[PDB]
file work-v1.txt (compact mmCIF, C-alpha atoms)
# COMPACT_ATOMS: atom_id res chain seq x y z
CA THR S 1 57.60 108.51 -166.47
CA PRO S 2 57.67 111.32 -163.88
CA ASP S 3 59.13 110.32 -160.54
CA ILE S 4 56.79 110.21 -157.54
CA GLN S 5 57.74 113.21 -155.33
CA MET S 6 57.39 112.82 -151.58
CA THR S 7 56.84 116.03 -149.59
CA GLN S 8 57.66 115.87 -145.87
CA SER S 9 56.74 118.46 -143.23
CA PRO S 10 58.12 119.95 -141.12
CA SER S 11 61.78 119.85 -142.19
CA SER S 12 62.90 120.44 -138.63
CA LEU S 13 61.32 120.36 -135.20
CA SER S 14 62.36 120.87 -131.59
CA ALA S 15 60.20 119.77 -128.66
CA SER S 16 60.38 118.93 -124.94
CA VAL S 17 60.74 115.46 -123.42
CA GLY S 18 57.30 113.92 -123.08
CA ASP S 19 55.62 115.97 -125.82
CA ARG S 20 53.62 114.50 -128.71
CA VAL S 21 55.16 115.00 -132.18
CA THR S 22 53.68 114.38 -135.64
CA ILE S 23 55.37 114.31 -139.08
CA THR S 24 53.45 114.23 -142.39
CA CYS S 25 54.36 112.95 -145.82
CA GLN S 26 52.37 113.64 -149.03
CA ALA S 27 52.86 111.83 -152.36
CA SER S 28 52.38 113.51 -155.75
CA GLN S 29 50.34 110.47 -156.89
CA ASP S 30 48.17 107.91 -155.08
CA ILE S 31 50.46 105.10 -153.75
CA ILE S 32 47.60 103.20 -152.15
CA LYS S 33 49.41 102.07 -148.98
CA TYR S 34 53.03 101.49 -150.04
CA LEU S 35 54.93 103.75 -147.69
CA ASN S 36 57.71 103.03 -145.16
CA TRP S 37 59.18 105.09 -142.29
CA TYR S 38 62.90 105.03 -141.36
CA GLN S 39 64.99 106.45 -138.48
CA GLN S 40 68.64 107.50 -139.05
CA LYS S 41 70.88 108.50 -136.15
CA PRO S 42 74.08 110.39 -137.02
CA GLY S 43 76.89 108.26 -138.41
CA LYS S 44 74.52 105.31 -138.75
CA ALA S 45 72.56 103.43 -141.36
CA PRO S 46 68.78 103.83 -141.67
CA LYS S 47 66.56 101.57 -139.53
CA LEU S 48 63.09 100.47 -140.67
CA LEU S 49 60.44 101.42 -138.10
CA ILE S 50 57.11 101.05 -139.91
CA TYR S 51 56.21 99.00 -143.00
CA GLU S 52 53.23 99.42 -145.38
CA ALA S 53 51.96 102.59 -143.65
CA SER S 54 51.04 101.12 -140.27
CA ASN S 55 52.91 97.89 -139.44
CA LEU S 56 55.31 98.41 -136.54
CA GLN S 57 58.48 96.32 -136.76
CA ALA S 58 60.01 94.20 -134.02
CA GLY S 59 62.13 95.94 -131.43
CA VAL S 60 60.44 99.30 -132.00
CA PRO S 61 58.79 100.99 -129.00
CA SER S 62 55.03 101.20 -128.96
CA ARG S 63 55.11 104.98 -128.67
CA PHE S 64 55.75 105.10 -132.44
CA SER S 65 52.82 104.62 -134.86
CA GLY S 66 51.90 105.34 -138.48
CA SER S 67 48.68 106.00 -140.36
CA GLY S 68 47.25 107.09 -143.70
CA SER S 69 46.42 105.95 -147.22
CA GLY S 70 46.11 107.34 -150.75
CA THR S 71 48.42 110.35 -150.94
CA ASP S 72 48.58 111.33 -147.23
CA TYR S 73 50.44 109.66 -144.34
CA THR S 74 51.36 110.53 -140.76
CA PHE S 75 54.10 109.43 -138.31
CA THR S 76 53.45 109.96 -134.58
CA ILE S 77 55.61 109.84 -131.46
CA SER S 78 53.25 109.89 -128.50
CA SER S 79 55.88 110.83 -125.92
CA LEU S 80 59.25 112.20 -127.08
CA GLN S 81 62.32 110.70 -125.42
CA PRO S 82 66.00 111.63 -125.56
CA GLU S 83 67.02 108.57 -127.53
CA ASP S 84 64.61 109.66 -130.31
CA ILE S 85 66.87 112.43 -131.57
CA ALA S 86 67.51 111.54 -135.21
CA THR S 87 66.46 112.29 -138.76
CA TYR S 88 63.22 110.56 -139.91
CA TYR S 89 62.33 109.72 -143.53
CA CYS S 90 59.32 108.39 -145.47
CA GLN S 91 59.78 106.28 -148.64
CA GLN S 92 57.33 105.15 -151.33
CA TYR S 93 57.64 101.77 -153.07
CA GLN S 94 54.66 101.80 -155.41
CA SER S 95 56.81 102.53 -158.47
CA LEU S 96 60.49 102.60 -159.42
CA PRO S 97 62.52 104.52 -158.67
CA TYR S 98 61.64 104.35 -154.99
CA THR S 99 61.87 107.88 -153.58
CA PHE S 100 62.35 109.41 -150.15
CA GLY S 101 61.01 112.57 -148.56
CA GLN S 102 63.57 115.23 -147.71
CA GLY S 103 63.72 114.32 -144.03
CA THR S 104 62.72 115.76 -140.67
CA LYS S 105 65.44 116.50 -138.12
CA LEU S 106 64.13 116.02 -134.56
CA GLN S 107 65.79 117.71 -131.57
CA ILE S 108 64.97 118.32 -127.90
CA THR S 109 64.65 121.87 -126.51
CA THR L 1 62.85 84.73 -136.94
CA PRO L 2 66.47 85.95 -136.81
CA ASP L 3 67.11 89.19 -138.68
CA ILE L 4 69.16 89.03 -141.87
CA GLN L 5 72.47 90.84 -141.13
CA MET L 6 74.28 92.58 -143.96
CA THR L 7 78.08 92.90 -143.76
CA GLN L 8 79.60 95.69 -145.91
CA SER L 9 83.28 96.17 -146.75
CA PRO L 10 85.27 98.29 -146.62
CA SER L 11 83.81 100.72 -144.08
CA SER L 12 85.89 103.52 -145.51
CA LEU L 13 87.92 104.06 -148.64
CA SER L 14 90.13 106.74 -150.12
CA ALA L 15 90.89 106.77 -153.85
CA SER L 16 91.96 109.04 -156.71
CA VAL L 17 89.88 110.39 -159.59
CA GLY L 18 89.86 107.87 -162.41
CA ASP L 19 90.39 104.84 -160.17
CA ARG L 20 88.20 101.74 -160.18
CA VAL L 21 86.43 101.16 -156.84
CA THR L 22 84.55 98.09 -155.58
CA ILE L 23 82.33 97.68 -152.49
CA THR L 24 81.08 94.30 -151.27
CA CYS L 25 78.05 93.29 -149.29
CA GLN L 26 77.47 89.84 -147.70
CA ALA L 27 74.20 88.51 -146.26
CA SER L 28 73.92 86.11 -143.32
CA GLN L 29 71.37 84.06 -145.34
CA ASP L 30 70.59 83.52 -149.03
CA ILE L 31 68.53 86.51 -150.28
CA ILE L 32 68.37 85.13 -153.83
CA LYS L 33 68.84 88.45 -155.65
CA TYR L 34 66.87 90.91 -153.50
CA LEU L 35 69.43 93.59 -152.86
CA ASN L 36 69.37 97.36 -153.50
CA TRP L 37 72.19 99.94 -153.50
CA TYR L 38 71.76 103.57 -152.31
CA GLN L 39 73.93 106.74 -152.42
CA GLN L 40 73.68 109.38 -149.66
CA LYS L 41 75.33 112.80 -149.80
CA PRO L 42 75.66 114.71 -146.52
CA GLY L 43 72.54 116.47 -145.28
CA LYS L 44 70.54 114.69 -147.98
CA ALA L 45 68.17 111.77 -148.31
CA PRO L 46 69.28 108.47 -149.86
CA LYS L 47 68.94 107.94 -153.63
CA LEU L 48 68.21 104.55 -155.21
CA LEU L 49 70.95 103.57 -157.65
CA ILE L 50 70.42 99.87 -158.31
CA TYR L 51 67.37 97.60 -157.91
CA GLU L 52 67.36 93.78 -157.58
CA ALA L 53 71.17 93.45 -157.70
CA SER L 54 71.87 94.71 -161.21
CA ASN L 55 69.15 97.00 -162.61
CA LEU L 56 70.46 100.55 -162.97
CA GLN L 57 67.90 103.30 -162.35
CA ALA L 58 67.19 106.30 -164.52
CA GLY L 59 69.43 109.31 -164.06
CA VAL L 60 72.33 107.16 -162.84
CA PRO L 61 75.68 107.29 -164.67
CA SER L 62 76.73 104.27 -166.65
CA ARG L 63 79.97 104.14 -164.69
CA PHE L 64 78.02 102.43 -161.85
CA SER L 65 77.11 98.72 -161.96
CA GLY L 66 75.99 95.92 -159.63
CA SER L 67 76.43 92.16 -159.60
CA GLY L 68 75.97 89.04 -157.48
CA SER L 69 73.46 86.48 -156.23
CA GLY L 70 72.87 84.24 -153.21
CA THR L 71 74.73 85.75 -150.28
CA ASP L 72 77.45 87.82 -152.05
CA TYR L 73 77.06 91.08 -154.01
CA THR L 74 79.35 93.70 -155.49
CA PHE L 75 78.96 97.41 -156.37
CA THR L 76 81.42 98.88 -158.89
CA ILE L 77 82.39 102.40 -159.97
CA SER L 78 84.45 101.98 -163.11
CA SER L 79 86.01 105.44 -163.01
CA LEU L 80 85.77 107.52 -159.84
CA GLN L 81 84.62 111.12 -160.23
CA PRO L 82 84.53 113.96 -157.71
CA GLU L 83 80.74 114.11 -157.68
CA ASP L 84 80.78 110.46 -156.46
CA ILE L 85 81.89 111.37 -152.96
CA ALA L 86 79.17 110.10 -150.62
CA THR L 87 78.26 107.26 -148.32
CA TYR L 88 76.96 104.08 -150.09
CA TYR L 89 74.65 101.45 -148.56
CA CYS L 90 73.28 98.03 -149.51
CA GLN L 91 69.81 96.89 -148.38
CA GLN L 92 68.15 93.46 -148.48
CA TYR L 93 64.41 93.00 -149.03
CA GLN L 94 64.03 89.24 -148.91
CA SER L 95 62.62 89.34 -145.38
CA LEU L 96 61.26 91.86 -142.87
CA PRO L 97 62.65 93.83 -141.28
CA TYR L 98 64.58 95.09 -144.30
CA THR L 99 68.16 95.73 -143.18
CA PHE L 100 71.04 97.92 -144.34
CA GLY L 101 74.77 97.38 -144.32
CA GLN L 102 76.82 99.70 -142.12
CA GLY L 103 77.83 101.92 -145.02
CA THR L 104 81.00 102.76 -146.95
CA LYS L 105 82.26 106.33 -146.80
CA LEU L 106 84.02 107.26 -150.08
CA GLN L 107 86.54 110.11 -150.24
CA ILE L 108 89.08 111.41 -152.76
CA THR L 109 92.83 111.39 -152.01

call {"tool": "encode", "arguments": {"input": "work-v1.txt", "output": "structure tokens"}}
result
Amino acid sequence: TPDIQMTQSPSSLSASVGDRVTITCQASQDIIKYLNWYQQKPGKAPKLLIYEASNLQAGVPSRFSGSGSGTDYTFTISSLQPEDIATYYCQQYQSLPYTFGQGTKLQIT
Amino acid sequence: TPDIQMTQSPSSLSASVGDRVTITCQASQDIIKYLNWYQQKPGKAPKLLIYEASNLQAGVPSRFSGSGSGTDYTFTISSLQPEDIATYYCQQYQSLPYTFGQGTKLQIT
């Protein structure tokens, strides 16, 4: 069985405080809605932000949101803040092995 | 609902090539068997090694194995190899939000 390949773009981004930022993920096969988004700050374990494409988890600020279906999904930060500097990942769980996108490093200009 | 907290030990380990290495992960509540193990090399995304406590994924060397149930789980490398140097994490998926242990950094002496 071929793995499902997740393609994330862009691989790095720098923006100013208060700007809007979007990250996309595309799957090589339809995964219906089974996609998660994680945040990882340096030296730390990943933290689940959004479950099943669009369900925001507890303790996550409302300026984060997720959308999409089929093969194409989007992660949005409506107003970038300093504490948001991290690497962000998408992950599919439609089929084993679960795979991650390559990651987007976010930095402030 | 309280989160389920995962406690991983040790947080860091140094060992020689050919040694046996074990990493433990304990949950603050019974998670039955719903625990995954991931490998992460620096600058790279995590890779799923083991699903539902003991099911080894494709492409993974047979020197890796997983065991446990209830609240206590173990990850074993039967013979440490240089390509094994990475950070390893456990993750529960019995309840949302899914949580990770703090990670074990593995290095060679």

call {"tool": "interface_residues", "arguments": {"input": "work-v1.txt", "of": "chain S", "to": "chain L", "cutoff": "9 Å", "atoms": "all atoms listed in the file", "output": "list in words"}}
result
residues 44, 45, 46, 47, 48, 49, 51, 57, 58, 89, 96, 97, 98, 99, 100, 101, 102 and 103 of chain S

call {"tool": "residues_around", "arguments": {"input": "work-v1.txt", "residues": "residue 104 of chain S", "least_positions_apart": "6", "cutoff": "12 Å", "atoms": "only C-alpha atoms", "output": "list in words"}}
result
residues 7, 8, 9, 10, 11, 12, 13, 14, 21, 22, 23, 24, 25, 37, 38, 39, 40, 41, 75, 85, 86, 87, 88, 89 and 90 of chain S; 43, 44 and 45 of chain L

call {"tool": "calpha_fit_and_write", "arguments": {"input": "work-v1.txt", "fixed": "chain L", "moving": "chain S", "output": "PDB file with C-alpha atoms, keeping the file's coordinate frame"}}
result
ATOM      1  CA  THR S   1      63.084  85.027-136.400  1.00  0.00           C
ATOM      2  CA  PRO S   2      66.711  86.227-136.530  1.00  0.00           C
ATOM      3  CA  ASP S   3      67.237  89.369-138.564  1.00  0.00           C
ATOM      4  CA  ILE S   4      69.230  89.080-141.795  1.00  0.00           C
ATOM      5  CA  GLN S   5      72.611  90.785-141.124  1.00  0.00           C
ATOM      6  CA  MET S   6      74.281  92.587-144.004  1.00  0.00           C
ATOM      7  CA  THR S   7      78.080  92.904-143.826  1.00  0.00           C
ATOM      8  CA  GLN S   8      79.647  95.640-145.971  1.00  0.00           C
ATOM      9  CA  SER S   9      83.352  96.067-146.754  1.00  0.00           C
ATOM     10  CA  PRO S  10      85.331  98.223-146.635  1.00  0.00           C
ATOM     11  CA  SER S  11      83.833 100.686-144.137  1.00  0.00           C
ATOM     12  CA  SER S  12      85.868 103.509-145.610  1.00  0.00           C
ATOM     13  CA  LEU S  13      87.923 104.084-148.726  1.00  0.00           C
ATOM     14  CA  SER S  14      89.936 106.876-150.316  1.00  0.00           C
ATOM     15  CA  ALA S  15      91.031 106.796-153.957  1.00  0.00           C
ATOM     16  CA  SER S  16      92.188 109.067-156.800  1.00  0.00           C
ATOM     17  CA  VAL S  17      90.005 110.541-159.546  1.00  0.00           C
ATOM     18  CA  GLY S  18      89.722 108.022-162.356  1.00  0.00           C
ATOM     19  CA  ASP S  19      90.422 104.923-160.250  1.00  0.00           C
ATOM     20  CA  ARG S  20      88.210 101.823-160.152  1.00  0.00           C
ATOM     21  CA  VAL S  21      86.491 101.151-156.797  1.00  0.00           C
ATOM     22  CA  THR S  22      84.568  98.087-155.589  1.00  0.00           C
ATOM     23  CA  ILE S  23      82.357  97.613-152.493  1.00  0.00           C
ATOM     24  CA  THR S  24      81.062  94.212-151.308  1.00  0.00           C
ATOM     25  CA  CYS S  25      78.041  93.214-149.281  1.00  0.00           C
ATOM     26  CA  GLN S  26      77.450  89.734-147.771  1.00  0.00           C
ATOM     27  CA  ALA S  27      74.141  88.495-146.315  1.00  0.00           C
ATOM     28  CA  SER S  28      73.919  86.073-143.378  1.00  0.00           C
ATOM     29  CA  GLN S  29      71.309  84.053-145.330  1.00  0.00           C
ATOM     30  CA  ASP S  30      70.628  83.495-149.040  1.00  0.00           C
ATOM     31  CA  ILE S  31      68.437  86.403-150.324  1.00  0.00           C
ATOM     32  CA  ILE S  32      68.359  85.092-153.877  1.00  0.00           C
ATOM     33  CA  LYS S  33      68.608  88.444-155.694  1.00  0.00           C
ATOM     34  CA  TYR S  34      66.728  90.927-153.489  1.00  0.00           C
ATOM     35  CA  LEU S  35      69.343  93.570-152.842  1.00  0.00           C
ATOM     36  CA  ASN S  36      69.375  97.337-153.519  1.00  0.00           C
ATOM     37  CA  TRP S  37      72.191  99.928-153.544  1.00  0.00           C
ATOM     38  CA  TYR S  38      71.730 103.533-152.322  1.00  0.00           C
ATOM     39  CA  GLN S  39      73.875 106.707-152.395  1.00  0.00           C
ATOM     40  CA  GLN S  40      73.585 109.323-149.598  1.00  0.00           C
ATOM     41  CA  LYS S  41      75.357 112.674-149.842  1.00  0.00           C
ATOM     42  CA  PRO S  42      75.717 114.669-146.608  1.00  0.00           C
ATOM     43  CA  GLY S  43      72.579 116.452-145.448  1.00  0.00           C
ATOM     44  CA  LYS S  44      70.529 114.588-148.048  1.00  0.00           C
ATOM     45  CA  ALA S  45      68.111 111.715-148.342  1.00  0.00           C
ATOM     46  CA  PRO S  46      69.182 108.366-149.819  1.00  0.00           C
ATOM     47  CA  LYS S  47      68.930 107.917-153.607  1.00  0.00           C
ATOM     48  CA  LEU S  48      68.264 104.519-155.206  1.00  0.00           C
ATOM     49  CA  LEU S  49      70.988 103.632-157.721  1.00  0.00           C
ATOM     50  CA  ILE S  50      70.552  99.911-158.401  1.00  0.00           C
ATOM     51  CA  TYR S  51      67.497  97.672-157.937  1.00  0.00           C
ATOM     52  CA  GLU S  52      67.341  93.851-157.626  1.00  0.00           C
ATOM     53  CA  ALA S  53      71.146  93.432-157.660  1.00  0.00           C
ATOM     54  CA  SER S  54      71.869  94.665-161.180  1.00  0.00           C
ATOM     55  CA  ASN S  55      69.176  96.992-162.576  1.00  0.00           C
ATOM     56  CA  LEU S  56      70.512 100.523-163.004  1.00  0.00           C
ATOM     57  CA  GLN S  57      67.918 103.242-162.418  1.00  0.00           C
ATOM     58  CA  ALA S  58      67.195 106.223-164.639  1.00  0.00           C
ATOM     59  CA  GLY S  59      69.449 109.232-164.328  1.00  0.00           C
ATOM     60  CA  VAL S  60      72.340 107.184-162.942  1.00  0.00           C
ATOM     61  CA  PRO S  61      75.658 107.291-164.829  1.00  0.00           C
ATOM     62  CA  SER S  62      76.746 104.169-166.633  1.00  0.00           C
ATOM     63  CA  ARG S  63      80.001 104.022-164.694  1.00  0.00           C
ATOM     64  CA  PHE S  64      78.029 102.475-161.803  1.00  0.00           C
ATOM     65  CA  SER S  65      77.096  98.763-161.938  1.00  0.00           C
ATOM     66  CA  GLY S  66      76.067  95.944-159.601  1.00  0.00           C
ATOM     67  CA  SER S  67      76.421  92.174-159.609  1.00  0.00           C
ATOM     68  CA  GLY S  68      75.962  89.048-157.510  1.00  0.00           C
ATOM     69  CA  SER S  69      73.424  86.542-156.222  1.00  0.00           C
ATOM     70  CA  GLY S  70      72.851  84.213-153.266  1.00  0.00           C
ATOM     71  CA  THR S  71      74.695  85.731-150.312  1.00  0.00           C
ATOM     72  CA  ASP S  72      77.356  87.800-152.152  1.00  0.00           C
ATOM     73  CA  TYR S  73      77.004  91.094-154.057  1.00  0.00           C
ATOM     74  CA  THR S  74      79.328  93.734-155.488  1.00  0.00           C
ATOM     75  CA  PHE S  75      79.014  97.461-156.343  1.00  0.00           C
ATOM     76  CA  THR S  76      81.506  98.913-158.853  1.00  0.00           C
ATOM     77  CA  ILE S  77      82.482 102.429-159.902  1.00  0.00           C
ATOM     78  CA  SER S  78      84.591 102.085-163.028  1.00  0.00           C
ATOM     79  CA  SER S  79      86.058 105.591-162.896  1.00  0.00           C
ATOM     80  CA  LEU S  80      85.799 107.620-159.671  1.00  0.00           C
ATOM     81  CA  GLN S  81      84.674 111.227-160.056  1.00  0.00           C
ATOM     82  CA  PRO S  82      84.498 114.116-157.596  1.00  0.00           C
ATOM     83  CA  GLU S  83      80.721 114.185-157.468  1.00  0.00           C
ATOM     84  CA  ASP S  84      80.780 110.552-156.233  1.00  0.00           C
ATOM     85  CA  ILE S  85      81.893 111.466-152.727  1.00  0.00           C
ATOM     86  CA  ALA S  86      79.151 110.090-150.481  1.00  0.00           C
ATOM     87  CA  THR S  87      78.214 107.199-148.239  1.00  0.00           C
ATOM     88  CA  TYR S  88      76.967 104.048-150.064  1.00  0.00           C
ATOM     89  CA  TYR S  89      74.641 101.408-148.574  1.00  0.00           C
ATOM     90  CA  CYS S  90      73.268  97.976-149.538  1.00  0.00           C
ATOM     91  CA  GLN S  91      69.799  96.829-148.370  1.00  0.00           C
ATOM     92  CA  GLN S  92      68.077  93.431-148.443  1.00  0.00           C
ATOM     93  CA  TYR S  93      64.322  93.068-149.002  1.00  0.00           C
ATOM     94  CA  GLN S  94      63.863  89.308-148.933  1.00  0.00           C
ATOM     95  CA  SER S  95      62.398  89.345-145.415  1.00  0.00           C
ATOM     96  CA  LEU S  96      61.098  91.874-142.893  1.00  0.00           C
ATOM     97  CA  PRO S  97      62.586  93.782-141.307  1.00  0.00           C
ATOM     98  CA  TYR S  98      64.528  95.084-144.286  1.00  0.00           C
ATOM     99  CA  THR S  99      68.111  95.700-143.154  1.00  0.00           C
ATOM    100  CA  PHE S 100      71.009  97.827-144.342  1.00  0.00           C
ATOM    101  CA  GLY S 101      74.751  97.274-144.324  1.00  0.00           C
ATOM    102  CA  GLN S 102      76.776  99.604-142.128  1.00  0.00           C
ATOM    103  CA  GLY S 103      77.861 101.835-144.998  1.00  0.00           C
ATOM    104  CA  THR S 104      81.000 102.703-146.935  1.00  0.00           C
ATOM    105  CA  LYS S 105      82.264 106.287-146.848  1.00  0.00           C
ATOM    106  CA  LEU S 106      83.991 107.197-150.136  1.00  0.00           C
ATOM    107  CA  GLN S 107      86.517 110.048-150.350  1.00  0.00           C
ATOM    108  CA  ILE S 108      89.085 111.318-152.861  1.00  0.00           C
ATOM    109  CA  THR S 109      92.805 111.464-151.981  1.00  0.00           C
TER     110      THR S 109
END

call {"tool": "atom_distance", "arguments": {"input": "work-v1.txt", "atom1": "atom CA of residue 31 of chain L", "atom2": "atom CA of residue 80 of chain L"}}
result
28.8 Å

call {"tool": "closest_residue", "arguments": {"input": "work-v1.txt", "among": "L:36, L:109, L:81, L:5", "to": "residue 67 of chain L", "atoms": "only C-alpha atoms"}}
result
L:36

call {"tool": "atom_distance", "arguments": {"input": "work-v1.txt", "atom1": "atom CA of residue 19 of chain L", "atom2": "atom CA of residue 69 of chain L"}}
result
25.3 Å

call {"tool": "atom_distance", "arguments": {"input": "work-v1.txt", "atom1": "atom CA of residue 95 of chain S", "atom2": "atom CA of residue 52 of chain S"}}
result
13.9 Å

call {"tool": "residues_around", "arguments": {"input": "work-v1.txt", "residues": "segment 62-65 of chain L", "least_positions_apart": "2", "cutoff": "6 Å", "atoms": "only C-alpha atoms", "output": "count of residues only"}}
result
3

call {"tool": "residues_near_point", "arguments": {"input": "work-v1.txt", "point": "(89.3, 108.0, -154.9)", "cutoff": "6 Å", "atoms": "all atoms listed in the file", "output": "list in words"}}
result
residues 14, 15, 16, 17, 107, 108 and 109 of chain L

call {"tool": "decode", "arguments": {"input": "work-v1.txt", "residues": "segment 52-79 of chain L", "atoms": "N, CA and C atoms", "output": "PDB file, in the first residue's frame"}}
result
ATOM      1  N   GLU L  52      -1.148   1.527  18.680  1.00  0.00           N
ATOM      2  CA  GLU L  52      -1.910   0.755  19.666  1.00  0.00           C
ATOM      3  C   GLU L  52      -1.009  -0.176  20.478  1.00  0.00           C
ATOM      4  N   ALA L  53      -0.025   0.400  21.144  1.00  0.00           N
ATOM      5  CA  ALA L  53       0.921  -0.182  22.070  1.00  0.00           C
ATOM      6  C   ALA L  53       1.973  -1.101  21.489  1.00  0.00           C
ATOM      7  N   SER L  54       1.616  -1.956  20.541  1.00  0.00           N
ATOM      8  CA  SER L  54       2.542  -3.026  20.149  1.00  0.00           C
ATOM      9  C   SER L  54       2.588  -3.334  18.667  1.00  0.00           C
ATOM     10  N   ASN L  55       1.862  -2.621  17.813  1.00  0.00           N
ATOM     11  CA  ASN L  55       1.885  -2.937  16.384  1.00  0.00           C
ATOM     12  C   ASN L  55       2.909  -2.143  15.595  1.00  0.00           C
ATOM     13  N   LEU L  56       3.986  -2.809  15.192  1.00  0.00           N
ATOM     14  CA  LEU L  56       5.097  -2.178  14.497  1.00  0.00           C
ATOM     15  C   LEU L  56       4.679  -1.782  13.089  1.00  0.00           C
ATOM     16  N   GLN L  57       5.074  -0.599  12.643  1.00  0.00           N
ATOM     17  CA  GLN L  57       4.666  -0.113  11.329  1.00  0.00           C
ATOM     18  C   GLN L  57       5.641  -0.575  10.263  1.00  0.00           C
ATOM     19  N   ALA L  58       5.218  -0.453   9.004  1.00  0.00           N
ATOM     20  CA  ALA L  58       6.108  -0.827   7.914  1.00  0.00           C
ATOM     21  C   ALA L  58       7.328   0.086   7.849  1.00  0.00           C
ATOM     22  N   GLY L  59       8.446  -0.481   7.414  1.00  0.00           N
ATOM     23  CA  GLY L  59       9.654   0.297   7.287  1.00  0.00           C
ATOM     24  C   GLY L  59      10.420   0.442   8.581  1.00  0.00           C
ATOM     25  N   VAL L  60       9.912  -0.102   9.670  1.00  0.00           N
ATOM     26  CA  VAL L  60      10.556   0.071  10.978  1.00  0.00           C
ATOM     27  C   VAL L  60      11.402  -1.160  11.296  1.00  0.00           C
ATOM     28  N   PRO L  61      12.623  -0.990  11.776  1.00  0.00           N
ATOM     29  CA  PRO L  61      13.451  -2.165  12.084  1.00  0.00           C
ATOM     30  C   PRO L  61      12.869  -2.999  13.213  1.00  0.00           C
ATOM     31  N   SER L  62      13.121  -4.295  13.077  1.00  0.00           N
ATOM     32  CA  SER L  62      12.628  -5.290  14.009  1.00  0.00           C
ATOM     33  C   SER L  62      13.346  -5.197  15.350  1.00  0.00           C
ATOM     34  N   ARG L  63      14.347  -4.324  15.474  1.00  0.00           N
ATOM     35  CA  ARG L  63      14.950  -4.162  16.783  1.00  0.00           C
ATOM     36  C   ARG L  63      14.085  -3.310  17.723  1.00  0.00           C
ATOM     37  N   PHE L  64      13.060  -2.647  17.207  1.00  0.00           N
ATOM     38  CA  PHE L  64      12.130  -1.864  18.020  1.00  0.00           C
ATOM     39  C   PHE L  64      10.942  -2.716  18.446  1.00  0.00           C
ATOM     40  N   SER L  65      10.423  -2.538  19.653  1.00  0.00           N
ATOM     41  CA  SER L  65       9.184  -3.182  20.057  1.00  0.00           C
ATOM     42  C   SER L  65       8.485  -2.345  21.133  1.00  0.00           C
ATOM     43  N   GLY L  66       7.185  -2.589  21.310  1.00  0.00           N
ATOM     44  CA  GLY L  66       6.407  -1.906  22.333  1.00  0.00           C
ATOM     45  C   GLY L  66       5.533  -2.871  23.111  1.00  0.00           C
ATOM     46  N   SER L  67       5.353  -2.577  24.396  1.00  0.00           N
ATOM     47  CA  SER L  67       4.485  -3.363  25.250  1.00  0.00           C
ATOM     48  C   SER L  67       3.728  -2.474  26.246  1.00  0.00           C
ATOM     49  N   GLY L  68       2.769  -3.093  26.924  1.00  0.00           N
ATOM     50  CA  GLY L  68       2.049  -2.522  28.048  1.00  0.00           C
ATOM     51  C   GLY L  68       0.554  -2.473  27.832  1.00  0.00           C
ATOM     52  N   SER L  69      -0.142  -1.974  28.844  1.00  0.00           N
ATOM     53  CA  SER L  69      -1.590  -1.877  28.900  1.00  0.00           C
ATOM     54  C   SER L  69      -1.983  -1.104  30.159  1.00  0.00           C
ATOM     55  N   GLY L  70      -3.237  -0.675  30.242  1.00  0.00           N
ATOM     56  CA  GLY L  70      -3.672   0.130  31.370  1.00  0.00           C
ATOM     57  C   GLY L  70      -2.985   1.488  31.366  1.00  0.00           C
ATOM     58  N   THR L  71      -2.256   1.767  32.446  1.00  0.00           N
ATOM     59  CA  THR L  71      -1.540   3.018  32.590  1.00  0.00           C
ATOM     60  C   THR L  71      -0.049   2.933  32.282  1.00  0.00           C
ATOM     61  N   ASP L  72       0.565   1.766  32.110  1.00  0.00           N
ATOM     62  CA  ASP L  72       2.020   1.677  31.988  1.00  0.00           C
ATOM     63  C   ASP L  72       2.497   0.930  30.743  1.00  0.00           C
ATOM     64  N   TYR L  73       3.387   1.578  29.992  1.00  0.00           N
ATOM     65  CA  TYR L  73       3.845   1.193  28.664  1.00  0.00           C
ATOM     66  C   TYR L  73       5.351   1.287  28.527  1.00  0.00           C
ATOM     67  N   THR L  74       5.927   0.416  27.702  1.00  0.00           N
ATOM     68  CA  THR L  74       7.374   0.405  27.539  1.00  0.00           C
ATOM     69  C   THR L  74       7.758   0.327  26.051  1.00  0.00           C
ATOM     70  N   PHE L  75       8.755   1.100  25.656  1.00  0.00           N
ATOM     71  CA  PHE L  75       9.375   1.068  24.336  1.00  0.00           C
ATOM     72  C   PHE L  75      10.801   0.518  24.441  1.00  0.00           C
ATOM     73  N   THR L  76      11.138  -0.463  23.614  1.00  0.00           N
ATOM     74  CA  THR L  76      12.436  -1.134  23.697  1.00  0.00           C
ATOM     75  C   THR L  76      13.212  -1.098  22.390  1.00  0.00           C
ATOM     76  N   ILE L  77      14.493  -0.770  22.457  1.00  0.00           N
ATOM     77  CA  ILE L  77      15.417  -0.972  21.345  1.00  0.00           C
ATOM     78  C   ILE L  77      16.409  -2.064  21.751  1.00  0.00           C
ATOM     79  N   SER L  78      16.352  -3.191  21.043  1.00  0.00           N
ATOM     80  CA  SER L  78      17.074  -4.365  21.548  1.00  0.00           C
ATOM     81  C   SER L  78      18.581  -4.236  21.351  1.00  0.00           C
ATOM     82  N   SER L  79      18.965  -3.491  20.316  1.00  0.00           N
ATOM     83  CA  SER L  79      20.386  -3.266  20.056  1.00  0.00           C
ATOM     84  C   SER L  79      20.602  -1.903  19.423  1.00  0.00           C
TER      85      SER L  79
END
